[PDB]
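Have a look below at one chain only, the form deposited in one PDB entry, in structure tokens format.
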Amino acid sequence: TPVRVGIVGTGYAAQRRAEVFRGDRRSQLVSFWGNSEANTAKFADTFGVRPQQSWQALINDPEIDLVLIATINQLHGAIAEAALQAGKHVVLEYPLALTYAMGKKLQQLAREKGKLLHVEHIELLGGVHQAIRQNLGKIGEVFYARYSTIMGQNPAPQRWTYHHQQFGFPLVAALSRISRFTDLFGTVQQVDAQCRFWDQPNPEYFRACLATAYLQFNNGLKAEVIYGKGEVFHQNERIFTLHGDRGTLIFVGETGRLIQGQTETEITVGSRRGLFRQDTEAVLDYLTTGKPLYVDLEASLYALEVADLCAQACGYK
């Protein structure tokens, strides 16, 4: 201590973690790995740290105490299992892994080898998420919700985000979002889901996909999850709507509205920058004082369980 950290990833979650790992004296930023040379060059210039030719080289550096993982979806579990097998601390941006079994298998190894295994989910609608929590008391019992993400893209790239195996089951991220109100909505009682693909002539990439899930919760909520992107979409959607006895919450983008009877109240949505800082500060608290983290793994392990349930209903894998 100080805490030296290698960052596997160069996206949004990586940069907010790097800033707060730099601007805090209780931590030091050493190395990073990025998968595309285009952005790896930029992240190197922005923070002024030297890269590593591979991430397997980065997690085996004995001048590193904690490994940050926010990179290609499918690599997340394997990098987690290996950073732990090297006696390193692990903070992940969700996903945790591909299965619940591997997610559990990540859990046992983390404490057996006595290191921190922390997962959060902030890069996708983190501010919107806390905004919903800070206002769900004002709309009573929630009976119907719709969370739809549609993003048109022509031409579809042959990147990892449109690659079957690297990208994974398309509903993982969105099911994580809808699954984190368990104390209010209950657990998921019934699941029915479909998953359509439009493939490039290279059949290991897709030009488009549409995945939809219809979830019934044990406390009555009926929820629709929709994820779609590619060349077959001409109108975009970034909508998260929740209907309840005493009001309706509507988030278009990062813009929220509360609707109760004849009143309409715009809702303030906080930055994800702030939530990344507090989580990044709360993990330094733990490794320098022992004050246990506010979050534990149960949320991200149940997010996986719902994804395993929907993937099975889709016939995926």
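Position 1 is the first residue in the sequence shown; the rest follow in order. Only the largest set of C-alpha atoms that superpose within 1.5 Å between the two forms is called the rigid core.
Unshown form deposited in another entry; subsequent notes refer to it.
Taking 2 Å as the criterion, residue 227 does not count as shifted between the shown form and the other one: its C-alpha moves by less than this amount when the rigid core is aligned. Relative to the superposed rigid core, residue 180 undergoes a CA displacement of at least 2 Å between the shown form and the other one. Residue displacement note: residue 65 has its CA displaced by under 2 Å between the shown form and the other one (rigid core superposed).
In that other deposited form, the CA atoms of residue 11 and residue 122 move farther apart by at least 3 angstroms compared with the shown structure. Relative to the displayed conformation, the Cα-Cα distance from residue 272 to residue 89 grows by 3 Å or more in that other deposited form.
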